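These notes concern the structure reproduced below.
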Amino acid sequence: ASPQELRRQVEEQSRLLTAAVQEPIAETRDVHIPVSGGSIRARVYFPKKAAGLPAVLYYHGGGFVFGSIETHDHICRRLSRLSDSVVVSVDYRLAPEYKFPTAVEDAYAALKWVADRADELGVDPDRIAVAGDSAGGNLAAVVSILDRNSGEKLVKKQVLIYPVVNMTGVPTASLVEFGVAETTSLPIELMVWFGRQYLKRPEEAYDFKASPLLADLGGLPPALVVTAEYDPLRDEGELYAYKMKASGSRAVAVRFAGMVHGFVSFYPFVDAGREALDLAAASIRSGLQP
Amino acid sequence: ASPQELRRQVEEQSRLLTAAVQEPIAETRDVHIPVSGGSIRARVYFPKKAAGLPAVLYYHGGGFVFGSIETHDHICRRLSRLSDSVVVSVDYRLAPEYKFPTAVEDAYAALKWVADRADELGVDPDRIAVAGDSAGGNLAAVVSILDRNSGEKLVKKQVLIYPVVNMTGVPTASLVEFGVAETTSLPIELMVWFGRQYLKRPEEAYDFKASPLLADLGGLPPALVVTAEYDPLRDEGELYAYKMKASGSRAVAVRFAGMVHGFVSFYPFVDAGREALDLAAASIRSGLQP
Amino acid sequence: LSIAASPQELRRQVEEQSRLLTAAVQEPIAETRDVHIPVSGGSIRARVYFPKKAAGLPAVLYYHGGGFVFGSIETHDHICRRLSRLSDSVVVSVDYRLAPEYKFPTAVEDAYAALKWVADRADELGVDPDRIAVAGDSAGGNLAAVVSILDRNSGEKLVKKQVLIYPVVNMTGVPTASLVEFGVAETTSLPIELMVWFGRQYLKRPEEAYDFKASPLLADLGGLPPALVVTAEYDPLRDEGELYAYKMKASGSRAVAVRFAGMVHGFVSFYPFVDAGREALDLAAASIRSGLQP
Amino acid sequence: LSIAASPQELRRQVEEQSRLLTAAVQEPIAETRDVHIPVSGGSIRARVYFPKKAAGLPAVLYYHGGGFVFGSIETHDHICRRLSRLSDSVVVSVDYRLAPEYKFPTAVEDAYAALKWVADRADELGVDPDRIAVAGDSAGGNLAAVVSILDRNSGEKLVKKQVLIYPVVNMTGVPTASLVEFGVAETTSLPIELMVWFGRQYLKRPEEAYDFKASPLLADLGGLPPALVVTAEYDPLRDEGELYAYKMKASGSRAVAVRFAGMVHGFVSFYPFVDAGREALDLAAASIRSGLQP
C-alpha cells in the first residue's frame, strides 16, 4: 500500500487506540509556523498559567512518513504536566511529499520560532529543550546539531526516545536481530521503506542531517536517550549516546527490558512506557532548572 | 582484612567522598526502633511539614556487612525531596556480628514500626514504599515478600536499585563476566566473602529470605528495578523483574548503560546516577498517589 | 510434544521423530557390533562403531541426549557413525537406563560403568586404553561431564578429553538469563516447561539437583580432562554451557567454548539438514582426533 | 605498537613479533615451493604447501591478515602448514602487495589474480581445479570474501568454499556495538585508533570505503560459495563478522558463523599457545576438507 493509505491507517489505529487516556491540562493553543514555502501547524500545551516557563519542542515519530500532532497528543499532554514545561508539538512535513532536508528544516524553524515568540507563549528563552521519538528523536538530534553549528545555544537539553540515528546501509546487530524476528514492531522491510520514501538519492543517508551519528558529536547539549531491549534501533540509539560522551558531550542511555520499539506511545497500556515518560519529564525538569 | 576494618574504611571512604552534595531538606529526626534483642537506629527525612505524606523505607547497601545511615544520607535526602515523601533510612544490623534472618528481621520490624507510628511521623498509612540498593534492594525485596505472606498490605511499591537476589552458588553469566573483569567495582572474591560473613551455613542461601528470586513471586507490590550494564548483579536483578511479571506481579526493569555497580551512590559525581535517582523518585511518587 | 502425555509415549513419539533424522543420511562405517554391558541390576546395550580395521585405535564413549528420559542408540546412530569415521576413533554409544523408570544416578552410574567396560575390554575392542575420550549432547553432555569428574576423583585418568554438545550442567531452579530468555520464547526447541518436567522425571528428591552428579557446574572443576564445549545461540542451556567452560578454565582445567550462531538446542541431531550441525560435528571429530594423539 | 611511528617500521616490529609465533611450532608438511605470481606491474610471492605427493589434490588460497599494511607469507607460515596437513589440501599463501605503498584494490586485485593463477597452474600444481577454496584472517578474510564476490560476478565458479577468520567486512565509519565496545576497551588487541589508521593507509579516497571490494558487507551476498565465518567474543570485528554470515544466508547463500568464547582478535595466529586457536584451526581444516569433497 501507498504511503497515503498507511498514513490514514496509523492515524485511525492510534486515535482509535487512545480514545482513553485522559491527560489533563491547563491550556492548549494551536499555532501556525512559517517555514520555507508556506506554514506548518504546531500545538502548544500549557501546564499552568504563568510566565517564563521552560519549553520543550516535541517532534513526533512515524518514519518521516506517518504521525501527526494528534497522534502524540497524549504523550505531549503528560510531558507538559509531569515536567511542568510548555510543549510545542510540531507537525513537520512528511514524506515522499516533502523529502529529506524538509522535515529537518521545519523542526529547526519550529525551534527558532519558539524562542523568538517566547514572550507571547509566556516561555523562558534560556530554558528550552528538544524531545522526539523514533524519527522524531532523529529530528530532535539533528536539530540539536543545527543549534550547535549555528552557535545560538537555544537547546539546553535533549530527550532522544528510540531515535533512529543511522539511515545508512551499514546495519547494526540489533538492527538485524529485531528487524527480522517473528515478533517485532519495526520490520526491517518497513525501515528500508521509510528510507526510500524519505531520501531522494540514498547517499543522502550519509549526510549528518539524515544520519546524526555519522556526525562529530562534540559540543552538544546534555542528552537523555531511551532504548528498548527488543528494538532494532537499540544499538544505534545507545551508540549515539556513547559517541556524544566520548566527544565530550554529556549523555545517559537507559534501556528498558522487555519493551519493543514505540512502547512509550502505548504508555496508558504498558507500565514501562509510564516509567519512561515519568523519566523523560524528570530529566527535562532538572535539565531546565535555572 | 577483617570485616571491622573494611567497614571503617568504606565509611571513611564514603563520607570523605560526600563532603559535598548539599542535599536540602525540610526536617530530619533520628529514631530508635525496637527489634528482637534491643533496638536499632533509623533516620527520618521530612520533605515538608505536613500531614498524611507518603513514606518510603530505605535500606542501605553494603553486602550485609558495610553501610550505615550516614553512608546513604545524601541518597535519602534527595529521594525525600524529589519524591516528596518521608524517607526512613534503617540502620539494620550487620554481618558477621548479626548473621542472616537478623538484617531481614529488622528491615521488616522497621517497616511495621513505620506504619504503626505513622500518626506520630505524620505519614499516610495506606501509602508506603520500600526501597534499597545492593544488599538493601534484597532486604527491600524480602521485606516485600514478608508483607505479602503476612497479608497486612503495608507495601504499595518497591524500588530495587541493583539488588542481589541470588545468594546461591549458581552463578549468572553477568555475574561471572563483571565479577572477574579487570575493572569491576564488585569483585567476585568479595561477593563470595559477603556470603560467608552473612550466612551461617550456606544452604541458608537457598532460603527465600536470603535469595528472594528462588521464591514464588506472584502477588507482590509493583516494582521498579534498576540495573547497571557492567554490574555482576545485572542478570539476576533483571531476572527478578521478569519472574515477578511472569507470576502476575507488575515490574519494570531499566538498565543504565556504561554504569557499574553502586553508581547511584556516586550520583553527585555521575550523571547516570542523577537520572536514576530522579527516576526512583518519580516512580515512588506515581506509585503512592492515592 | 505435550507432557500432558506419559513419558513412555512421549519417548515413542520422540523415537519416531529422531529416526526420520537418521534415515536421511547414509554414513559409511567399516563395522558395528551391538554389545551388552554389565551394570548394577543387569546390562545395558551399547553399539560399537569401528572406523577401520586396526589395533590400538582411539575410542570415544558417546552418551545420547533426551533429557534423561528420551533417546536411544538408534536415535543418535548417524552422529556416532560420522563421528567415528571423521576422527578415526572407535565410538561406543551407550544405551544408559532412562527415567522415570530408572531414576537419577542410575544413568550416571550406567555411564561411568560403560566407560570402565571400554577400558577393560580395549584389547577385545582393538582399542588403545590410554586414548579414550567421552562425549554427548544435552543430558548426554551432563553424563560426559559427570563421568569426567568421577574419572578424576578416582584418579584413574581414563578420560583424556571430553566433548560436551549443548550440555545441561545445572539442574537447580536457579535460572540463567539464557535459560529464561529461550525457555519462554515462542520459537524454542527447549521449552522451560519441558525442562522442568525432565527434572521431575529424573530426580527423586529435588535436592538431588544439588548433587554434583546431576549439576556438574557445582563441583570443583579443577584438574579435569581438556574440554570442548559446544553451545547454540538460542539454546536456553547456552549460558550454563559457557559458564561451565569458563569455570573449568578458571580452575586450572583446559576448556574451549564455541557458540554456533542462529542455532537452537539439538541442532547437531539435524546435521543432515542443517549445515551448522555438520560444521559442529566436524569440529567435534577434529577436536577428538587431536585430543587423542599419542 | 604506536602508529605515531611509520608503517614500514611498524611492519617490521609486527614481522618480528609474529615470527616468534611461527618459531614456537614445528608443523610437518611433505613439501614447499616458493613461487612468483604475475600481477599488474610485476609479481608477488606465494608459498605452495604440499600435504602429500599426489595428483588431483584440493587447494586453498590463503590470504594473511595485517590490516592491509602488515603480514607476510612468513608471518602465517605455521597456520598454512597445519591447515595444509589437516585438510589434505594444497595451500597457497599469497604475499599480496601492501599499503600504504600499494593502495586499495591493489591487494584485492593481487588476491583475485593469485586465485586465477592457481586454477590455471593446477596441473603443474598437482591440483584439481574443480576443488578450490579461499581463506584468510582479518584483512585476509576481507580479501577472501571479496575474491568470492569477484569469482561470482565473473561466473567462473572457481571458489567452492570460503573460510573467513575474524574478517573485516565493513570499512566505513558506521560502527557496530562490538566495533566500539572492544575497540575502546583497555584490553583490546584491535584498538579503534589502529583500525582507523589502517583505513587511512589502505584507502586513497575515504569513499572507496563504500566500494564492495573494500566493504563486502555492502554487496548483494546472494549466490556466493558456502561460507564458514569464525569470530572472537571480544573482537571489535565480531558483529560485522556475524552480520556478514547472516546477510549471506538471508540472500540464499550458505553460511555458518562460530563465535569463540574468551578470544580476542588474532587468536588463531597464537594457536601454539592458545588451545582455542588450535580448535579454531581444526574446525577450519575440517570445514575445508568437507567443503571440497568431490
Exercise for the section: Look through C:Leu221, C:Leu292, C:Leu203, C:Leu228 and report the one residue that is more than 10 Å from every other protein chain (Cβ to nearest Cβ), crowded, with 24+ Cβ neighbours inside 10 Å, under 23 Å from C:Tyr96 (Cβ atoms) and in contact with a helix residue (DSSP H, G or I) (Cβ under 9 Å, 6 or more places away or on another chain). Expected result: C:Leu221
Fill in the blank from the handout: Selection from region B:84-103 of residues in a helix (DSSP H, G or I) and either surrounded by fewer than 22 Cβ atoms within 10 Å (Cβ to Cβ) or over 16 Å from the mean Cα position of the chain (by Cα) (or both) yields B:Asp84, B:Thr102
Exercise for the section: Exactly one condition in (1) touching a helix residue (DSSP H, G or I) at 6+ places or on another chain (Cβ under 7 Å); (2) buried (at least 24 other Cβ atoms within 10 Å of the Cβ); (3) in contact (Cβ under 8 Å) with a residue 24 or more places away in the chain is not met by B:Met191; state its number. Expected result: (2)
Completion exercise
Out of (1) over 28 Å from C:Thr188 (Cα atoms); (2) assigned to a loop (DSSP other than H, G, I, E, B); (3) among the charged types (D, E, K, R), the one A:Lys243 does not meet is (2)
Handout entry: Among the candidates D:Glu279, D:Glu240, residue that is facing another protein chain (nearest Cβ under 9 Å) and within 27 Å of D:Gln26 (Cβ to Cβ)
Key = D:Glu279
Practice task
State whether the residues of region C:24-33 include one that is surrounded by 18 or more Cβ atoms within 10 Å (Cβ to Cβ), assigned to a strand (DSSP E or B), of a type outside the set (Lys, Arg) and out of contact with any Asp or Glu (no Cβ under 6 Å at 6 or more places or on another chain).
Solution key: no
Exercise for the section: For A:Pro96, indicate whether it is farther than 20 Å from A:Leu213 by Cα and out of contact with any strand residue (DSSP E or B) (no Cβ under 7 Å at 6 or more places or on another chain). Expected result: yes
Exercise for the section: Within region C:243-273, track down each residue that is more than 25 Å from D:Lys247 (Cα to Cα), crowded, with 24+ Cβ neighbours inside 10 Å and within 9 Å of chain D (Cβ to nearest Cβ). Expected result: C:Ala245, C:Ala255, C:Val256
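State yes or no: is B:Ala42 farther than 22 Å from A:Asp278 by Cβ and outside any strand (DSSP E or B)?
Considered against the rule, which asks whether it is farther than 22 Å from A:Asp278 by Cβ and outside any strand (DSSP E or B), B:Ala42 comes out as no.
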Practice task
Could you check C:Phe270 against (1) within 26 Å of D:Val264 (Cβ to Cβ); (2) out of contact with any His (no Cβ under 7 Å at 6 or more places or on another chain) and say which number it fails?
Solution key: (1)
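Hey, could you check region A:203-222 for residues that are within 11 Å of another protein chain (Cβ to nearest Cβ) and without any contact (Cβ under 8 Å) to a residue 60 or more places away in the chain and say which is surrounded by the most Cβ atoms within 10 Å (Cβ to Cβ)?
So, considering only residues that are within 11 Å of another protein chain (Cβ to nearest Cβ) and without any contact (Cβ under 8 Å) to a residue 60 or more places away in the chain, the one surrounded by the most Cβ atoms within 10 Å (Cβ to Cβ) is A:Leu213.
This table checks each residue for (1) surrounded by fewer than 24 Cβ atoms within 10 Å (Cβ to Cβ); (2) within 14 Å of chain A (Cβ to nearest Cβ); (3) under 17 Å from the mean Cα position of the chain (by Cα).
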| residue | (1), (2), (3) |
| --- | --- |
| B:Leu224 | no, yes, yes |
| B:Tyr230 | yes, yes, no |
| B:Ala253 | no, yes, yes |
| B:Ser265 | no, no, yes |
| B:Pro268 | yes, yes, no |
| B:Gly273 | yes, yes, yes |
| B:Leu279 | no, yes, yes |
Problem - Count of region A:1-37 residues which are farther than 16 Å from A:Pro268 by Cα, without any contact (Cβ under 8 Å) to a residue 40 or more places away in the chain and part of a helix (DSSP H, G or I) - result: 5
Exercise for the section: Please find, within region B:238-251, the residue that is farthest from A:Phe269 (Cα to Cα) out of those that are more than 7 Å from chain A (Cβ to nearest Cβ) and of a type in the set (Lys, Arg). Expected result: B:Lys243
Problem - The one condition in (1) touching a residue at least 60 places away in the same chain (Cβ under 8 Å); (2) assigned to a loop (DSSP other than H, G, I, E, B) that A:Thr71 fails to fulfil - result: (2)
Problem - Hits in region C:238-293 (condition: in contact (Cβ under 8 Å) with a residue 24 or more places away in the chain and among the basic types (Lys, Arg)) - result: C:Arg238, C:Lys247, C:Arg254, C:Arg259, C:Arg289
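Filter region B:79-104 down to the residues that are charged (D, E, K, R) and closer than 14 Å to B:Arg43 by Cβ and list them by number.
Scanning region B:79-104 gives a single hit, B:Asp91.
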Practice task
Can you confirm whether region C:177-196 contains a residue that is within 24 Å of C:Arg254 (Cβ to Cβ) and within 14 Å of chain B (Cβ to nearest Cβ)?
Solution key: yes
Problem - Pick from region A:152-202, criterion in a helix (DSSP H, G or I) and β-branched (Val, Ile, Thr), ranking: farthest from the other protein chains (Cβ to nearest Cβ) - result: A:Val192
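Please go through region C:195-233 and pick out each residue that is outside any loop (DSSP other than H, G, I, E, B), within 15 Å of C:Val169 (Cα to Cα) and of a type in the set (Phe, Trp, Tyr).
Correct list: C:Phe198, C:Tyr202, C:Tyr210.
Computed from the coordinates by the stated procedures, all read-outs in this text should not be read as laboratory data. Cβ coordinates were reconstructed from backbone atoms using ideal geometry, including for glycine residues, and neighbour counts include every protein chain displayed.
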